[PDB]
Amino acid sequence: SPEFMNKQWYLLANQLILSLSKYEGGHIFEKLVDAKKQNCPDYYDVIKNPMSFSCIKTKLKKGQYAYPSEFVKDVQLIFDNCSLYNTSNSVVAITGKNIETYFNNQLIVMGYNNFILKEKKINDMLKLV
């Protein structure tokens, strides 16, 4: 059931974004960076597509993800901004790498990746039909 499936992976995404918020070090990605208060004034000169857990929660609450991959793309964007801005040996970069690993392993345990595969196959059915 295509609508039933949409409900399923929305529930998985909500559970996963919550697990990230509570994983060790998750708080530094919960909200968009306040550049002046965190002593990083150049942050938005470098990061032109900012993203945080709270942004993703808002898009989930508003039904703004159409496909399972779009949620993963937004979470991955957090980790890419983290590794771009912070040097590889910094606490923040290490923390971001650790949470990234967790997220990708949750995609496996929760079976979220199966929904991304079904999303691609449906897109191929439609392209034939």
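We call the rigid core the largest set of C-alpha positions that still match within 1.5 Å between the two forms. Note that residue numbering begins at 1 and tracks the sequence as displayed.
Put simply, when the other structures in 4 other deposited structures of this protein are lined up on the rigid core, the C-alpha atoms of 42 to 50 lie farther off than those of the other stretch, from 42 to 50 and 85 to 93. Mean CA temperature factor is higher for 51 to 59 when stretches 51 to 59 and 92 to 100 are set side by side in the entry. Higher mean CA temperature factor, per the PDB entry, when comparing 114 to 122 with 11 to 19: 114 to 122. Note on 72, 84, 33, 78: the highest value goes to 33, judged by CA B factor as recorded.
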